[PDB]
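# Secondary and tertiary structure notes
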There are 8 protein chains.
Amino acid sequence: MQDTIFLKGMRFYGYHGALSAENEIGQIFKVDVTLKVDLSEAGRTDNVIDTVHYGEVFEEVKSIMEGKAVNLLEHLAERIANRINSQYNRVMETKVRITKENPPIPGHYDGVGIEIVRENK
Amino acid sequence: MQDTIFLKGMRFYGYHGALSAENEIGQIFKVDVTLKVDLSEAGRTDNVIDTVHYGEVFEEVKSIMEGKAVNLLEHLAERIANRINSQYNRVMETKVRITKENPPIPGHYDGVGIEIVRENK
Amino acid sequence: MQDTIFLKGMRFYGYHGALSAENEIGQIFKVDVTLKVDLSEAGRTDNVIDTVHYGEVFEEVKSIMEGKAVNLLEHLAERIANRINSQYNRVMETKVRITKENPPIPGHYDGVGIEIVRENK
Amino acid sequence: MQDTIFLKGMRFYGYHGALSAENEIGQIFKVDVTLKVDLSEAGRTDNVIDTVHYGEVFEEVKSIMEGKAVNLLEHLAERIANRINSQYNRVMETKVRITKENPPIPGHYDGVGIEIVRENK
Amino acid sequence: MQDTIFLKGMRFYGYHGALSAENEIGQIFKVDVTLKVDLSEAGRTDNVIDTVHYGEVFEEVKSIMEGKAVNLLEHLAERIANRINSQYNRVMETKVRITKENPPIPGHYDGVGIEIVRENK
Amino acid sequence: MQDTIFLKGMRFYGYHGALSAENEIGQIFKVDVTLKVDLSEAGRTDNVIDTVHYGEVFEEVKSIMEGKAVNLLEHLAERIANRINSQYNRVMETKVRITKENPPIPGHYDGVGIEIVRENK
Amino acid sequence: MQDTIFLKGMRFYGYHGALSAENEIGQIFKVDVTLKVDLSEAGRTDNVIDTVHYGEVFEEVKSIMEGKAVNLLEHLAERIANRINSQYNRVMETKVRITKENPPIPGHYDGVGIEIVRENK
Amino acid sequence: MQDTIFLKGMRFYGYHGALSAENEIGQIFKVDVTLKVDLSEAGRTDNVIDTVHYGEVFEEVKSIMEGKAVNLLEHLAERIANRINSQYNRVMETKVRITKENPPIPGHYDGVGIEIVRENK
Ligand SMILES: Cn1cnc2c(O)nc(N)nc21
Ligand SMILES: Cn1cnc2c(O)nc(N)nc21
Ligand SMILES: Cn1cnc2c(O)nc(N)nc21
Ligand SMILES: Cn1cnc2c(O)nc(N)nc21
Ligand SMILES: Cn1cnc2c(O)nc(N)nc21
Ligand SMILES: Cn1cnc2c(O)nc(N)nc21
Ligand SMILES: Cn1cnc2c(O)nc(N)nc21
Ligand SMILES: Cn1cnc2c(O)nc(N)nc21
């Protein structure tokens, strides 16, 4: 199954980070979320109730990205993956990519991040 | 077989959408279409009649994207996939990606959408 | 005097707009603010108290951009100009540019907007 | 007076051009329109009837850009300038920039064009 | 084997095309070439003679892209693939992607093209 | 008079440069040319013979940019300015901007260059 | 006199900033420097000794941008302006623009900064 | 396992290159590094000690990219791969992509490079 639903370049200002200074000042976190979902029925019917509502998916991502400051992006993505997989059965697998385009790293790069793929059980 | 024919960043202004307000004002819909086709003969011959005409493929996408307002992008992509697969036998499979870069979602992201892959039967 | 302080590509999701549908769904408003200020003293001293705090300027723009939905961008910019000019005497003139990159206009363009320049009295 | 109303990166597919081949195949024409207008009243009132409607301005540009194929971009811009200046008295001056990003010129450049500034009489 | 050598966004002005008008005026052709090559020896030694010279690969692409005007991009890519695979044994497979960002197609898209993958025999 | 004719992002690979190594390997030179010309007649008539032919202007720039390797960009721009001003009387003034996006300078920047404005005598 | 020499998008990682946390972690500072210089002689002669060496100008900017952490960007730009104006007499005026694309400001914008223009005495 | 840690668009100015002139003047080298790592524990715990520190990974890349000038990018990437795989056991495989956006190649392209994938033994 190669159908997917996606939300790209989502950006939130948060205060997560392992370094105290990080959590104090904050920074923009960019997030790409790709969900595995079979879209033929919804494509057949044309009824939103046959697919996953992205607005709902964005609010779920936002709630975690703009919430309690944690240390790792790995934690930020695991909570997102695990939260989308719970409330949605049509999502067979959730891929969450988080990027810190401006970390406390002395150099010139486009960004540093992680990406996790999590199947729905 | 890894040969493909493609049309990228296609953009149409339509009025599809589940919310009444959406259909009223409208918005730009971006579409990427990738077709699976064996291009060695056409590459051998150099005769357009040995490959698929993209102009024709674009008109087909345009006709659906600028037509009757439907609810889901899933419906918009299924009709595209199913319409390219019918009129072309050299297309072994059609991939349709639709993106709503500016949906009625309160936030900052690059865009939300879907992507369907459909083999030709 | 050619010194300036600036905030660029500021983006807020609001519900301003002359059309009912607009105010209902909303959209991203991009704002560029350029303030006329003599920066030699601050450049001489290196004391923030000798210049204008942009954070404060951004909060002021944000408060208006994310507040009560009004009709015109002209109103949105006049309130910004008039609000920065009041609380800051070092600002000799305020330029406010607002852009609706995705208005309810059926077409292909990069964006529509306005720009006002207002001297401090 | 430094207030302005603007429409940027407007893009239409037309068939204007001095060379026969040009008019036959066509190409994308990008247009930037900047109008001089005093926006304090509209900024004061918040009444669209105190400013110029861009939708109307875009339709006017579109009608000329997607109409009868002419030779020069200079003609395309003079008709735009002269047409916006007639139907709108609040526009004290109209600036029209047209760009041929892909002309029949053998080389590598970002685009070729013209720009005219026309006061309202 | 996942090592690759690549040349991206290569751009040439040519006159290929099925339509007479096309061949007359011309247009920019963008080309991405990705070659499959085992790079551990060259990575071990650091001797250019243990890998494929891209300059040579670019000249080969250029010679075909700026040569005799043909009809299909499929022909343009097959000649490239077949020409790189002949003169280089370390290339186990050649992928050639050609894009017509501005074809004679009346619309708004980022570009139309093809992509062929060809193993070295 | 605020009318202008322009050619932007023109790019040529040359070997100009004060350092021997520079002239040996070469580099891409980006050029923006803006000419002052009154376009109302051409806008009135629609006759190319009432304006300046950009193709001709591009060939003139190309001939100098892809010719004999000189030392300074200042020399490269003065020859361009002086060559466009001679063969065209409708050009009241020529502005030439040249950019070395990748000079032998150890650092991270978008580019270094010069810009000359030259009136037609 | 409208001739200019320029260095754009220069980027350095520094630790300047009014807030302790800022100086601790650091951030990228983008700098645009535009110098007023008459380039006809250098354009006439083609002798680097008749113009200003940008490499030298970049090293001067770099030395200040990558040096002792100060509070204001206003101080960072005044030292740059004042340092280029001293060692170069052909520079009639120096414009320095500094941008903090990622300041400790909770929001979505492209960047905040200042710009100073300083004549050479 | 599809989890990954990444560093993108990393840019260093070096003097590597097979041609003498290259090593003399230098150029910007862009590097993308993608490491295979299982991130569920770190995602579970939220303890940096359960994942790989990118800062450390960037310093390792920087040390090699800004060190002794070598001939091939293949050598530059093999040393990076082999150096990250040694000091980190959680990295099951390292992918290193290096790009020369501005090589001594006479033409117009976006960049030339290589990419190596190396498993950790
Ligand atoms: C060094 N560092 C700071 N924050 C981090 C995070 O969220 N993940 C990883 N792998 N490293 C981090
Ligand atoms: C919430 N919503 C509105 N339109 C939609 C569409 O076309 N697809 C999906 N999945 N959600 C939509
Ligand atoms: C047509 N229209 C809708 N909103 C507008 C605004 O804020 N300004 C102007 N000039 N026109 C508008
Ligand atoms: C050469 N050429 C073709 N079309 C043109 C136009 O519209 N203006 C100018 N100045 N030149 C043109
Ligand atoms: C319609 N058309 C014109 N040129 C073409 C080409 O090279 N390939 C394909 N598939 N179609 C073309
Ligand atoms: C240092 N350097 C090398 N080439 C140059 C040029 O063309 N102009 C200027 N001002 N400096 C240069
Ligand atoms: C709030 N703030 C922090 N650093 C600053 C700087 O350099 N200039 C200005 N105006 N404000 C600053
Ligand atoms: C031609 N050339 C110069 N440097 C090179 C490098 O690092 N790799 C390859 N394959 N070719 C190179």
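Residues numbered from 1 in each chain as written, not as in the entry; some residues may be left out. Chains lettered and ligands numbered in written order. Heavy atoms only, no water.

Looking at the entry header, you'll see X-ray crystallography listed as the method and 2.21 Å as the resolution.

## Let's talk about the overall build of chain A
Broken down by element type, chain A carries 4 helices and 4 strands. Listing every helix and strand of chain A by position from the N terminus yields β-α-β-α-α-α-β-β. For chain A, the C-alpha atoms occupy an extent of roughly 50 × 25 × 25 Å along the three principal directions. Taking all 121 residues of chain A together, 60% fall into the buried category. Contacts in chain A between residues far apart in sequence, at least 24 positions, make up 61% of those at least 6 positions apart. Summing over all exposed atoms, chain A offers an accessible surface of approximately 4,800 Å²; the carbon and sulfur share of this is 43%. Taking the 15 positively charged and 19 negatively charged side chains of chain A as two groups, their mean positions are separated by 2 Å. (Helix = DSSP H or I, 4+ residues; strand = E, 2+ residues; numbered from the N terminus. Buried < 20%, exposed > 50% of the residue type's maximum accessible area, 1.4 Å probe, protein only. Contact = heavy atoms within 4.5 Å. Areas by Shrake-Rupley, 256 points an atom, 1.4 Å probe, with all protein chains shown as cover. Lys, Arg positive; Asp, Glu negative; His and termini not counted. Charge placed at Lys NZ, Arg CZ, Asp CG, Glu CD.)

## A short note on the packing of helix α3 (residues 54-65) of chain D against helix α4 (residues 73-87) of chain D
Residues and elements named next belong to chain D. Relative to each other, α3 and α4 sit at 145°, their axes nearing to 10 Å. Relative to α4, α3 is oriented so that their crossing is right-handed. The residues of α4 that touch α3, namely those facing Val57, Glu60, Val61, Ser63, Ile64 and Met65, are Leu76, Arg79, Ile80, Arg83, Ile84 and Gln87. Classifying every residue of the contact of α3 with α4 by side-chain character gives 7 nonpolar, 2 polar and 3 charged. (Axes fitted to C-alpha atoms, helices over the stretch in contact; angles between N-to-C directions. Left-handed = near helix turned anticlockwise from the far one by under 90°. Nonpolar A, V, L, I, M, F, W, Y, C, P; charged D, E, K, R; others polar.)

## Regarding the arrangement of the chains
Where chain D comes nearest to chain G, the C-alpha atoms are still 19 Å apart, and the two do not contact one another. The two units chain C and chain H never meet; even their closest C-alpha atoms stay 23 Å apart.

## Details of helix α3 (residues 54-65) of chain B
Every α-helix carries 3.6 residues per turn, so stepping three or four residues along brings you back to the same face. With 12 residues, α3(B) extends 16 Å from end C-alpha to end C-alpha; this agrees with the ideal 16 Å at 1.5 Å per step. When α3(B) is considered as a whole, its buried residues turn out to be B:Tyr54, B:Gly55, B:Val57, B:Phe58, B:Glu60, B:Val61, B:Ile64 and B:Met65. Contact partners of the buried residues in α3(B): β1 (4-14), β2 (27-36) and α4 (73-87) of chain B together with α4 (73-87), β3 (93-100) and β4 (111-119) of chain E. (Expected span 1.5 Å × (residues − 1).)

## Here's the deal with the interface of chain A and chain B
Interfaces are often described in size by the accessible area the parts lose on coming together. Contacts between the two partners involve 24 residues from chain A and, on the opposite side, 26 residues from chain B. Buried area between chain A and chain B, summed over both chains or domains, comes out near 2,000 Å², and the portion from carbon and sulfur atoms is 53%. Taken together, the links from chain A to chain B amount to 2 salt bridges. Ionic pairing is found between B:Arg118 and A:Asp3, a salt bridge with its closest N-O pair at 2.8 Å. Linking chain A to chain B there are 12 residue pairs in polar contact. (Buried area = accessible area lost by both parts, 1.4 Å probe. Salt bridge = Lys/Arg side-chain N within 4 Å of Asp/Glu carboxyl O. Polar contact = N/O pair within 3.5 Å; in protein donor to acceptor, adjacent residues only side chain to side chain.)

## As for the pairing of strand β2 (residues 27-36) of chain H
Residues and elements named next belong to chain H. In terms of residue burial, β2 counts as a mostly covered element, since 7 of its 10 residues are buried. In this structure, strand β1 (residues 4-14) lies alongside β2, joined through 9 bridges in antiparallel fashion. Paired with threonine 4 across the two strands is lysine 36, which belongs to β2. With 7 bridges connecting them, β2 and strand β3 (residues 93-100) associate as antiparallel partners. Its bridge partner lying in β3, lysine 30 is registered against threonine 99. (Pairing = 2+ DSSP bridges.)

## What to know about the site of ligand 3
In the vicinity of ligand 3, the contacting residues are C:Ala18, C:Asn71, C:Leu72, C:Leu73, C:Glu74, C:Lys100, D:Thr51, D:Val52, D:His53 and D:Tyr54. Site remark: ligand 3 is flanked by residues from chains C and D. One of the side-chain nitrogen or oxygen atoms of C:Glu74 is found 3.0 Å away from a nitrogen atom of ligand 3. Within the backbone of D:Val52, a nitrogen or oxygen atom sits 2.8 Å from a nitrogen atom of ligand 3. When isolated, ligand 3 has an accessible area of 310 Å², and the protein chains bury 93% of it. Here the residues of the shell around ligand 3 are counted per class, giving 5 nonpolar, 3 polar and 2 charged. (Near = heavy atom within 4 Å.)

## Observations concerning the UniProt feature "active site" in chain A
Here the UniProt feature "active site" sits at A:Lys100. Residues within four places of A:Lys100 in sequence aside, it is in contact with A:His16, A:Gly17, A:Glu22, A:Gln27, A:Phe29, A:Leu73, A:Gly111, A:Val112 and H:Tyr54. (UniProt positions renumbered as here; feature names shortened; annotations may be inferred.)

## Digging into the site of ligand 1
In the vicinity of ligand 1, the residues found are A:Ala18, A:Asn71, A:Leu72, A:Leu73, A:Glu74, A:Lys100, H:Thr51, H:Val52, H:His53 and H:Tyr54. Surrounding ligand 1 are residues belonging to chains A and H, so the site spans chains. At 2.7 Å, a backbone N or O of A:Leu73 approaches an oxygen atom of ligand 1. H:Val52 is positioned such that a nitrogen or oxygen atom in its backbone is 2.8 Å from a nitrogen atom of ligand 1. The protein chains hide 94% of the 310 Å² of surface that ligand 1 would expose on its own. Its residues assigned to classes, the shell around ligand 1 shows 5 nonpolar, 3 polar and 2 charged.

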